[PDB]
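Student: Starting off with a structure, shown below.
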Amino acid sequence: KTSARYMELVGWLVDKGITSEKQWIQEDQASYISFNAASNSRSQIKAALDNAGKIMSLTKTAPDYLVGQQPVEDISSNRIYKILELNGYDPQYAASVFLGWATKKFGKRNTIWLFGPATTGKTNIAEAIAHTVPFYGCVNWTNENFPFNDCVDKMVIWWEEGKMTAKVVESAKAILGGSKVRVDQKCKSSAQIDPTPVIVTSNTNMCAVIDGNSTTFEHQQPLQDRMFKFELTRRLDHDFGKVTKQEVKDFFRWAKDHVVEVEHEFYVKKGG
Amino acid sequence: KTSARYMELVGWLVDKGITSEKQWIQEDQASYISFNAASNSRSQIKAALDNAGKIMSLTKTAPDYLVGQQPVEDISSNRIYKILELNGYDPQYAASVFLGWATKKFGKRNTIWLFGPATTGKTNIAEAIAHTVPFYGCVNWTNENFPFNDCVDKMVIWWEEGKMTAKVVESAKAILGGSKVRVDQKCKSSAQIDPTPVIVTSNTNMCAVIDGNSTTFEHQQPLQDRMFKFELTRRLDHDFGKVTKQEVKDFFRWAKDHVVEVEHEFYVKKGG
Amino acid sequence: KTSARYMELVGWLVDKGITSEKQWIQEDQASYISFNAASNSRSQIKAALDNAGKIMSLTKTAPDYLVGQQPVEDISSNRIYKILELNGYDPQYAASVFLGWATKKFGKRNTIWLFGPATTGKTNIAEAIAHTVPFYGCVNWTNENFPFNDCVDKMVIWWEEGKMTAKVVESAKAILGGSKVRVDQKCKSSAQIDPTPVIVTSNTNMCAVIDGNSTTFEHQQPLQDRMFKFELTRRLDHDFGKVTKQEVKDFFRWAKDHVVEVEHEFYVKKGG
Amino acid sequence: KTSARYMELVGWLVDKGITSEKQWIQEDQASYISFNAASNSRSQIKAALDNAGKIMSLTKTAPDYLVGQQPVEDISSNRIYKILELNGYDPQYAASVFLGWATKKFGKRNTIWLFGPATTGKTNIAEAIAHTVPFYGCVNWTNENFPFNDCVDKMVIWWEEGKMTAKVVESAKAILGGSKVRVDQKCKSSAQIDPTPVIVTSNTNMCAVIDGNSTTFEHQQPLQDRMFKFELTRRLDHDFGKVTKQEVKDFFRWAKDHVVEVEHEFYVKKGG
Amino acid sequence: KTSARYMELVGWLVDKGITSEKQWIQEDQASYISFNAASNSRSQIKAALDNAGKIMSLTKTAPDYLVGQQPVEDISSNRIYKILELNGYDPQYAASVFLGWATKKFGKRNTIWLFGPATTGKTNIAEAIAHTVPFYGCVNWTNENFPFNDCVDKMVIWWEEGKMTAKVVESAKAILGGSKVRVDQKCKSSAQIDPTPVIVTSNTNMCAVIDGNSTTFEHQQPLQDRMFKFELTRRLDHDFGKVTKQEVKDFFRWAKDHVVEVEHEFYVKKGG
Amino acid sequence: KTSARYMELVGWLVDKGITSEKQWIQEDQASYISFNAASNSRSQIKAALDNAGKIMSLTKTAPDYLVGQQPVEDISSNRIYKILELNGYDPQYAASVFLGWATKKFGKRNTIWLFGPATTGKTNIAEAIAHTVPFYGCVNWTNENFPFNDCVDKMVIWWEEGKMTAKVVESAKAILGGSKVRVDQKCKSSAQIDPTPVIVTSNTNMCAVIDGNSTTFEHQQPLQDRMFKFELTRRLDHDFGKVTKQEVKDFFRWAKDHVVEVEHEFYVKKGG
Amino acid sequence: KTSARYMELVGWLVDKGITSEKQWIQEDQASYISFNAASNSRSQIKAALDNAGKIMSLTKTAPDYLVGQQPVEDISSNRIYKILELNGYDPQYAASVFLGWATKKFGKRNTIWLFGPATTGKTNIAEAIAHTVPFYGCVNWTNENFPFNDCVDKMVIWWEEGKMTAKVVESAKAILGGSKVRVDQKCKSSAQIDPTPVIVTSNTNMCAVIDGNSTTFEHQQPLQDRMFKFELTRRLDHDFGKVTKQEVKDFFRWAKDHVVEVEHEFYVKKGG
DNA sequence: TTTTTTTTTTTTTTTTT
């Protein structure tokens with residue numbers, strides 16, 4: 001009276017691919033109600049969801065969720081196209097750089113930073129990128145005792161608040177080049193972080209490592225060599241976002257299709 | 001077995017719009033009594049009510065109950081228009097601002113602050129609007145530990161007590177500008193907030209942020225540009241309020257039928 | 001197995017209007033001991049009592065089950081009128097004020113404050129009134145920063161002894177004129193005190209406010225404008241009172257049988 | 001099912017001489033093992049004992065179950081007569097005083113205080129009184145935060161050592177005066193102490209009131225008009241006392257037989 | 001069958017000389033095997049042993065294990081007699097004092113403080129006297145946070161190292177003077193104490209009181225007027241002692257056979 | 001079914017060398033779905049895996065898995081061989097030292113301290129060795145309360161970052177050299193550590209002991225006497241990894257085949 | 001039901017001499033997994049382990065493990081002869097002293113101490129003696145707050161470090177001197193140690209007693225004239241230790257079969 | 001046919017400190 005129920009729940013979770021609570025809430029609430037009525041023991045469903053998430057992360061990496069199964073159709077049918085056109089950035093070169101940074105094959109280069117206002121198509125694009133990947137780590141400096149937290153076995157590490165802290169410079173340097181390092185999470189819990197691309201959204205400077213109560217500038221060369229900086233100037237307009245999933249999938253497919261040459265230096269010569 | 005019963009209970013809770021035990025006892029009390037008699041474990045009904053509320057907050061909006069299916073076909077039939085012409089404000093402009101702040105037709109601008117003593121009738125209108133929306137929250141800024149405690153998955157955010165706190169200004173600005181944000185809630189909870197229309201009612205100026213024990217003024221530019229400020233000079237009569245749901249529905253219908261353009265401004269003009 | 005028992009208990013609690021376990025223990029004993037022997041958890045009885053209290057307070061009021069249909073059949077059949085005449089107060093004016101306080105509709109005026117001897121035959125009357133009505137909030141000075149704690153969901157509120165504090169003055173000011181305001185309570189919790197008619201018994205200067213460690217007289221004009229002062233001087237005999245439900249019902253009936261105009265004012269002039 | 005067992009247990013606790021854990025263990029020893037074997041849950045027996053104690057303390061006074069139906073025949077039959085002769089008290093006068101103090105007919109003169117060493121025989125009398133009635137309150141002033149700890153819902157209270165503070169003098173004045181009032185007990189809670197007759201046995205002056213950090217005796221007129229003081233002089237002999245129960249019942253019956261006039265003051269006429 | 005099994009277990013624990021778990025397993029071993037074969041939860045045997053111990057402590061007392069079963073009438077039949085003769089004490093007077101202190105015929109005086117080395121027979125004799133009785137208390141003054149530990153109704157209260165703390169001296173005085181008292185136990189436990197004979201075995205002056213972190217002699221007069229003094233100025237030979245049950249039985253028999261007079265004062269006045 | 005399923009799970013854990021949950025998930029993935037479809041009870045599988053891990057840690061060691069099963073084939077063409085040849089380290093001497101430190105043949109010399117930059121290649125080799133073996137401890141120094149982590153019974157104890165502490169220097173010395181000491185974990189329980197080969201990797205000065213809140217070098221003689229210090233300064237190229245289990249097995253087999261008389265000494269000499 | 005399982009567990013624990021879960025898993029792991037799969041409750045196993053420990057400690061001592069069960073007739077051949085020749089003491093005299101200390105026939109003389117540098121054959125012999133007997137206490141001085149914590153009802157008290165404290169001097173005197181005494185350990189816990197053999201492993205200032213917050217030698221005589229003290233100088237080699245059980249058994253048999261004269265004195269002559 | 005409760009494992013604290 002429990003084996004078949006657990007099997008059906010695991011099958012439904014694998015067929016739907018749930019990652020949180022509101023998702024399954026707006027999806028199909030009949031299975032959840034049936035499970036709650038049959039037994040309030042949420043341990044089984046929690047373990048099943050954890051196993052499903054682990055299998056999806058360790059197997060379905062970032063590119064696995066980037067290559068759209070449908071045809072690319074056209075690149076002009078996405079808001080990112082006109083956004084970059086108004087901002088002024090190379091589409092093919094930017095797509096190639098993003099692919100190289102997400103594939104982790106570049107080596108010590110695995111981090112992108114943006115400098116400019118948030119109204120220039122930054123917050124919307126960051127939210128769209130975070131919502132695209134099903135497993136993403138939203139790291140925030142809400143707890144100074146442990147900065148890095150939700151970012152173990154994920155796909156994209158979002159940095160929308162503050163900058164890189166100085167108390168965990170080793171972890172940041174290891175993640176910049178796709179490496180790993182044992183970092184502490186909550187109270188008594190040291191775990192290793194796997195190679196996961198990081199994207200910044202905060203309107204600050206990634207090089208400005210916050211230490212104690214000021215900024216430190218001692219390892220600017222490695223931070224610049226392991227991170228690609230994109231300057232922002234010309235702001236956007238009104239209602240210049242609303243990035244969906246089909247547009248991102250088509251953009252990723254187009255980027256994977258045509259690939260150009262990419263360098264491996266800080267001073268990126270954007271001239272594709 | 002219990003799956004059908006749980007599905008029926010969820011459907012009933014969704015169609016009844018229950019928000020707590022009081023509403024459940026007022027509406028259908030037989031189901032609650034039967035569930036309590038069959039088993040004291042209120043975990044099932046609690047989870048069902050939570051899921052129903054989350055679904056209603058993520059799907060239900062304003063036209064579901066704020067806009068009536070049939071308009072009033074007149075103007076001299078509801079005390080709302082009487083109180084409006086007594087206070088002295090633009091009817092079409094006010095309706096447009098209300099529809100833009102509730103239905104969300106722009107983005108940043110998504111807040112309203114109507115100041116008025118306990119005699120101009122604004123308090124009665126605010127209480128009626130709060131009672132209309134069952135899934136609303138009276139986020140009272142009295143407790144200096146967790147202010148935002150009634151704005152997560154709600155219909156309206158009533159601000160009738162207290163001004164603003166300087167400790168959490170980012171979350172307030174994000175809620176005013178229609179977007180998500182993280183608030184330092186409990187020790188093991190801090191999710192985002194869904195874009196919910198916020199209406200102010202306290203006589204104290206909400207723009208004056210309260211920091212610990214002092215008042216700030218530099219943080220007034222965004223608080224003023226992300227909302228519409230209105231003032232009520234003339235009072236009312238002998239108990240003129242207690243607006244019901246039919247009156248609000250008729251007013252919303254009349255607005256949707258007759259609405260001009262919407263302007264982006266903070267200081268209300270002397271017209272209307 | 002227990003649905004019938006739960007429904008019977010709920011019906012009995014709604015009929016007898018029981019609010020505490022002591023009342024039910026004193027009244028029905030067969031069903032009580034039967035439920036105790038059956039279910040070893042008081043969750044059912046607690047839920048039944050909560051539902052009964054909600055239906056009696058939120059939906060119902062007090063005079064509905066307080067104004068007995070059996071008139072007094074004469075001018076004065078007890079000693080309440082004799083005590084009132086010995087104290088020195090307006091007859092028709094006092095009756096009108098009492099009817100307005102019981103019904104609540106004569107503007108914001110809905111509170112009485114007594115002052116005089118510490119035993120002017122009022123303690124026994126207050127105790128009898130509290131014992132008769134099933135819903136009564138006894139405001140005690142147990143808490144330091146949160147003195148007001150027995151005013152949410154109640155028919156009448158009684159102020160024992162001690163001067164009003166300054167930590168929660170807005171709640172009292174709102175309850176005086178029927179308004180409401182959300183204030184904090186224990187540790188990490190804020191609620192809105194439901195407006196309820198309040199009566200003060202402490203002869204001390206209740207108009208004064210205890211602010212931290214001083215006596216402020218600022219909150220005096222609104223308190224006097226929203227309340228009626230009763231200056232007590234001449235006391236009664238030895239425990240002159242013994243008010244019962246029948247006496248209160250007869251008084252309410254004889255007062256409703258003859259209603260006159262009301263003179264809203266703070267100073268209750270004894271002469272004329 | 002368990003209704004019959006619960007009814008039998010209640011009847012036993014009522015008319016079997018069971019009031020505490022030790023008393024119940026000494027009464028029916030096999031009943032405890034039988035109840036433990038029939039059910040491993042002591043909640044039923046705990047609730048039964050609580051209900052029995054409440055019914056015996058609240059509604060049930062004390063003399064009704066401590067006044068034998070047979071006279072004392074001759075006053076020279078117990079050690080109480082010798083103690084009274086050695087101390088100095090009028091037979092009929094003391095009997096009438098005790099009757100009035102136990103019946104609470106004076107309205108406010110329901111208090112007794114003794115001013116004499118422990119060697120006079122006060123300790124033995126207090127021990128006999130405590131052993132007689134099964135229930136009794138024991139107020140210990142060892143902790144200022146919890147003055148009245150053992151006296152809620154009782155018939156006779158015994159003041160061991162220590163004096164009464166000045167933080168809750170109103171509670172003591174209402175208890176000794178034949179009234180009631182909320183009193184702060186443990187867990188920052190407020191309990192109710194009905195007019196329970198109290199008797200003091202310590203040798204220290206009980207008139208001293210500890211207010212904050214001083215000793216004041218302002219409460220003199222009420223303490224004299226609501227209590228009766230008795231000064232002791234002569235002591236007793238080595239190994240004397242050990243008052244039983246039948247002797248107390250016979251003495252109470254003899255006192256009830258001869259009832260005369262009782263004065264109204266603090267210093268009772270020490271004569272006869 | 002539960003009641004019959006409980007009664008059989010109680011009878012076995014009573015007629016097998018069982019105190020709890022240690023002695024229960026020492027005397028018999030098949031009881032646990034039978035219990036495991038019948039049931040599994042040790043709560044049954046725990047409650048059985050608790051009830052057996054409570055009954056043994058209530059009914060029987062000290063004399064239950066003092067007088068032997070077979071008369072002997074001889075002073076050279078035990079080692080305690082030779083020890084007391086070598087130390088310099090009258091055998092008849094010592095036996096009379098022991099017989100008078102065992103039954104507690106004096107009342108006020110029921111304690112004797114012994115101060116002397118261990119080679120003369122102090123710690124060994126104390127441990128033998130403590131183990132002679134099945135239920136005994138060990139109020140070892142080792143933790144300032146725990147005044148009286150094991151001593152809730154016992155036959156003999158053995159005191160080893162440590163002195164009474166200036167905070168619960170009244171409880172010790174009442175226990176020594178044949179009376180009860182309430183002493184705080186653990187964080188959530190506190191029971192009274194029954195008048196049980198107490199014997200000290202401190203190597204120093206036990207009359208001293210431990211006040212906070214110093215020594216004070218405030219309660220020395222009561223301890224001197226209610227307790228005798230014993231000094232061990234001599235020393236016995238090596239390889240001696242062993243106070244079995246037959247020795248104590250013969251000693252008590254000889255004491256009861258030879259009864260004289262006992263004096264009451266500070267020092268030990270061996271006059272009889 | 002329960003016993004058979006538990007036995008099958010234990011056998012699978014012993015065969016596949018399961019240690020954690022994610023490992024078994026990635027390994028025998030069909031077993032998880034089979035157990036979910038058969039029943040719902042993760043406690044059984046958790047206990048089985050815990051018992052299997054405990055057995056493997058208490059019975060197995062390092063040489064049980066370090067020994068290969070076929071010829072080493074490569075002698076100096078592999079990546080590790082090329083790195084060792086370019087670093088100027090003795091191949092045979094290094095292999096003999098590793099065999100003596102892992103196989104426990106040295107006994108008194110079972111500690112290695114690698115000092116130098118991070119790009120030398122020691123960090124990557126240590127991480128690969130830790131990830132290859134199943135059970136392994138990560139004794140880090142992130143908190144000042146838990147000096148050790150999961151080192152109790154393991155194959156290799158990797159010291160990523162941090163330095164030795166002072167509150168428990170005996171435990172660290174016993175874990176490194178191979179002594180004994182009863183370590184005390186939290187305030188609940190504790191346990192010792194089994195002689196497991198420890199390998200250090202932190203580039204910081206490991207000899208710097210953290211005493212309270214300062215740096216002390218008093219506990220350096222034990223390390224100098226029972227530990228070889230190797231200065232790893234010669235950096236490598238740019239991410240030179242690609243380490244498998246077959247290569248490590250071949251290297252261990254070649255080392256075992258080429259073993260002579262290892263020279264014991266703190267500072268590394270020119271014997272290469 | 002569980003009678004057969006309990007009997008089987010008791011028989012296995014008595015046969016294999018199991019003293020904990022580790023020993024049970026090492027001797028017979030099949031029954032452990034069988035019981036874990038056929039029953040989740042551990043009450044039966046806990047009771048069996050407690051009974052085994054009681055039977056092995058209470059009804060045992062030191063000499064019980066002296067004369068081995070297998071004759072070997074070994075004298076000078078194992079590492080014991082080498083350690084004796086390196087320490088500089090008479091083998092026959094040392095064996096006789098060890099036998100006398102294990103049998104406890106010298107009254108106060110019941111302890112052995114051996115001073116030396118560090119790894120001078122003392123730690124090896126200490127660890128061998130600790131691992132020989134399956135039941136013993138490891139009174140580690142890692143927590144000076146509770147020294148004598150794990151040694152109650154044991155066979156050998158191992159002292160691998162720390163020094164002698166003044167807070168538990170009575171227990172140490174009773175153990176080394178052969179007596180019994182109760183001492184308070186943790187919060188609400190008293191332990192009584194019996195005359196149990198003690199073996200020291202460290203070479204610290206054992207004579208210096210830690211009193212309050214400093215060192216004192218007040219117990220010079222009680223700590224000197226109560227045990228046999230010896231001095232060492234010549235150390236050993238590397239990997240030349242780890243005394244097994246066969247050598248210890250042979251030495252014990254040789255000492256039991258070869259007994260000479262033992263002089264009662266602390267300052268033992270250098271060379272028996 | 002016939003039930004329908006074996007303990008359904010009815011669900012569990014606050015603690016573990």
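How things are named: the first chain in the structure tokens is A, the next is B, and so on; residues count from 1 in each chain; ligands count from 1 in the order shown.
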For a quick check: superposing chain B on chain E using all C-alpha atoms in order, what RMSD comes out?

Tutor: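 So the superposition leaves a C-alpha RMSD of 1.6 Å.
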
Student: Run DSSP on the backbone and give me the residues of stretch 94-188 of chain F it puts in alpha helix (DSSP H), as a ChimeraX atom specification.

Tutor: /F:94-102,122-132,169-176

Student: Could you write those residues out with N, CA, C and O atoms, as a tab-separated table (two decimals), in the first residue's frame?

Tutor:
```
chain	number	residue	atom	x	y	z
F	94	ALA	N	60.22	8.08	-3.88
F	94	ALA	CA	58.87	8.57	-3.62
F	94	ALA	C	57.88	7.42	-3.51
F	94	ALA	O	57.00	7.43	-2.64
F	95	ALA	N	58.00	6.43	-4.39
F	95	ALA	CA	57.10	5.28	-4.33
F	95	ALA	C	57.28	4.51	-3.03
F	95	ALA	O	56.30	4.10	-2.40
F	96	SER	N	58.53	4.32	-2.60
F	96	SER	CA	58.77	3.62	-1.34
F	96	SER	C	58.21	4.40	-0.16
F	96	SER	O	57.63	3.82	0.76
F	97	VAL	N	58.38	5.73	-0.17
F	97	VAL	CA	57.85	6.55	0.92
F	97	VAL	C	56.33	6.46	0.95
F	97	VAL	O	55.72	6.34	2.02
F	98	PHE	N	55.69	6.52	-0.22
F	98	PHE	CA	54.23	6.41	-0.27
F	98	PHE	C	53.76	5.05	0.23
F	98	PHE	O	52.77	4.96	0.97
F	99	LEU	N	54.46	3.98	-0.16
F	99	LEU	CA	54.08	2.65	0.30
F	99	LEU	C	54.24	2.52	1.81
F	99	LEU	O	53.40	1.93	2.49
F	100	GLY	N	55.32	3.08	2.36
F	100	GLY	CA	55.53	3.02	3.80
F	100	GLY	C	54.54	3.86	4.58
F	100	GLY	O	54.18	3.51	5.70
F	101	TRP	N	54.09	4.97	3.99
F	101	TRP	CA	53.12	5.83	4.68
F	101	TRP	C	51.70	5.29	4.58
F	101	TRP	O	50.91	5.47	5.51
F	102	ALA	N	51.36	4.62	3.48
F	102	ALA	CA	50.02	4.09	3.29
F	102	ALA	C	49.87	2.68	3.84
F	102	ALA	O	48.87	2.38	4.51
F	122	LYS	N	50.26	19.21	-6.39
F	122	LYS	CA	49.96	18.34	-5.26
F	122	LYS	C	48.48	18.40	-4.90
F	122	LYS	O	47.89	17.38	-4.50
F	123	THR	N	47.86	19.57	-5.03
F	123	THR	CA	46.45	19.70	-4.68
F	123	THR	C	45.57	18.83	-5.58
F	123	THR	O	44.67	18.13	-5.11
F	124	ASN	N	45.83	18.87	-6.89
F	124	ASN	CA	45.03	18.07	-7.82
F	124	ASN	C	45.23	16.58	-7.57
F	124	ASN	O	44.27	15.80	-7.60
F	125	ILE	N	46.47	16.16	-7.32
F	125	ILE	CA	46.74	14.75	-7.05
F	125	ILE	C	46.03	14.31	-5.78
F	125	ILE	O	45.43	13.22	-5.72
F	126	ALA	N	46.08	15.14	-4.73
F	126	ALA	CA	45.41	14.79	-3.48
F	126	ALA	C	43.90	14.71	-3.68
F	126	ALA	O	43.25	13.79	-3.16
F	127	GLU	N	43.32	15.65	-4.42
F	127	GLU	CA	41.89	15.62	-4.68
F	127	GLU	C	41.50	14.37	-5.46
F	127	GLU	O	40.48	13.73	-5.16
F	128	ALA	N	42.30	14.00	-6.46
F	128	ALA	CA	42.00	12.80	-7.24
F	128	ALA	C	42.11	11.55	-6.37
F	128	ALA	O	41.27	10.64	-6.47
F	129	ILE	N	43.12	11.48	-5.51
F	129	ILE	CA	43.28	10.32	-4.64
F	129	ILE	C	42.11	10.23	-3.66
F	129	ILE	O	41.63	9.14	-3.34
F	130	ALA	N	41.64	11.38	-3.16
F	130	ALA	CA	40.52	11.37	-2.23
F	130	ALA	C	39.23	10.97	-2.92
F	130	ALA	O	38.41	10.25	-2.34
F	131	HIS	N	39.02	11.43	-4.15
F	131	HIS	CA	37.81	11.09	-4.89
F	131	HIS	C	37.82	9.67	-5.42
F	131	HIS	O	36.75	9.11	-5.68
F	132	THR	N	39.00	9.07	-5.59
F	132	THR	CA	39.07	7.70	-6.11
F	132	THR	C	38.66	6.69	-5.05
F	132	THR	O	37.76	5.87	-5.28
F	169	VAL	N	45.70	18.77	20.42
F	169	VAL	CA	46.91	18.44	19.68
F	169	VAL	C	47.22	16.96	19.78
F	169	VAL	O	47.81	16.37	18.86
F	170	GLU	N	46.85	16.32	20.89
F	170	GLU	CA	47.11	14.89	21.05
F	170	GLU	C	46.36	14.08	20.00
F	170	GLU	O	46.90	13.12	19.44
F	171	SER	N	45.11	14.44	19.72
F	171	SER	CA	44.34	13.73	18.71
F	171	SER	C	44.98	13.86	17.33
F	171	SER	O	45.09	12.87	16.60
F	172	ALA	N	45.41	15.06	16.97
F	172	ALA	CA	46.06	15.26	15.68
F	172	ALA	C	47.37	14.48	15.60
F	172	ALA	O	47.68	13.87	14.57
F	173	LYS	N	48.15	14.48	16.68
F	173	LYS	CA	49.40	13.74	16.69
F	173	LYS	C	49.15	12.24	16.53
F	173	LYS	O	49.88	11.55	15.81
F	174	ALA	N	48.13	11.72	17.21
F	174	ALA	CA	47.82	10.30	17.10
F	174	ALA	C	47.30	9.95	15.71
F	174	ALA	O	47.58	8.86	15.20
F	175	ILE	N	46.53	10.85	15.09
F	175	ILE	CA	46.02	10.58	13.75
F	175	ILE	C	47.15	10.64	12.72
F	175	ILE	O	47.14	9.90	11.74
F	176	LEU	N	48.13	11.52	12.93
F	176	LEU	CA	49.25	11.63	11.99
F	176	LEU	C	50.26	10.50	12.21
F	176	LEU	O	50.38	9.60	11.38
```

Student: Would you pick out the contacts of residue F:269 at 12 Å or less, using only C-alpha atoms (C1' of nucleotides), so that residues sharing its chain but fewer than 5 positions from it are not included, and give the list as a ChimeraX atom specification?

Tutor: /F:89-90,93,228-231,263-264

Student: How about saving the chosen residues, N, CA and C atoms kept, as a PDB file, in the first residue's frame?

Tutor:
```
ATOM      1  N   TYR F  89      61.915  14.776  -8.514  1.00  0.00           N
ATOM      2  CA  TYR F  89      61.741  13.921  -7.349  1.00  0.00           C
ATOM      3  C   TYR F  89      62.139  12.490  -7.684  1.00  0.00           C
ATOM      4  N   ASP F  90      62.707  11.802  -6.706  1.00  0.00           N
ATOM      5  CA  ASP F  90      63.125  10.418  -6.901  1.00  0.00           C
ATOM      6  C   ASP F  90      61.903   9.534  -7.117  1.00  0.00           C
ATOM      7  N   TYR F  93      62.291   6.346  -4.723  1.00  0.00           N
ATOM      8  CA  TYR F  93      62.235   6.812  -3.341  1.00  0.00           C
ATOM      9  C   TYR F  93      60.840   7.312  -2.985  1.00  0.00           C
ATOM     10  N   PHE F 228      57.537  13.528   7.263  1.00  0.00           N
ATOM     11  CA  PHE F 228      58.484  13.981   6.254  1.00  0.00           C
ATOM     12  C   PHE F 228      57.953  15.243   5.589  1.00  0.00           C
ATOM     13  N   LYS F 229      58.792  16.274   5.528  1.00  0.00           N
ATOM     14  CA  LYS F 229      58.428  17.547   4.920  1.00  0.00           C
ATOM     15  C   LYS F 229      58.997  17.621   3.510  1.00  0.00           C
ATOM     16  N   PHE F 230      58.126  17.871   2.535  1.00  0.00           N
ATOM     17  CA  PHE F 230      58.510  17.964   1.132  1.00  0.00           C
ATOM     18  C   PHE F 230      58.080  19.321   0.593  1.00  0.00           C
ATOM     19  N   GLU F 231      59.045  20.094   0.100  1.00  0.00           N
ATOM     20  CA  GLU F 231      58.771  21.415  -0.456  1.00  0.00           C
ATOM     21  C   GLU F 231      58.320  21.260  -1.904  1.00  0.00           C
ATOM     22  N   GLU F 263      64.765   5.918   3.797  1.00  0.00           N
ATOM     23  CA  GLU F 263      65.500   6.734   4.754  1.00  0.00           C
ATOM     24  C   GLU F 263      64.539   7.669   5.478  1.00  0.00           C
ATOM     25  N   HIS F 264      64.582   7.641   6.807  1.00  0.00           N
ATOM     26  CA  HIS F 264      63.712   8.473   7.628  1.00  0.00           C
ATOM     27  C   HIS F 264      64.440   9.752   8.023  1.00  0.00           C
TER      28      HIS F 264
END
```

Student: Residues of chain F no more than 10 Å from chain G, counting only C-alpha atoms: send them over as a count of residues only.

Tutor: 31

Student: Using only C-alpha atoms (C1' of nucleotides) and a cut-off of 12 Å, which residues of chain H sit close to chain B? Please list them as a PyMOL selection string.

Tutor: chain H and resi 10-12

Student: Atom CA of residue A:16 and atom CA of residue A:71, how far apart in Å?

Tutor: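 One can read the atom CA of residue A:71 to atom CA of residue A:16 distance as 22.5 Å.
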
Student: Record the distance separating atom CA of residue D:227 and atom CA of residue D:150, expressed in Å with one decimal.

Tutor: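 Spanning atom CA of residue D:227 to atom CA of residue D:150 is a straight-line distance of 20.8 Å.
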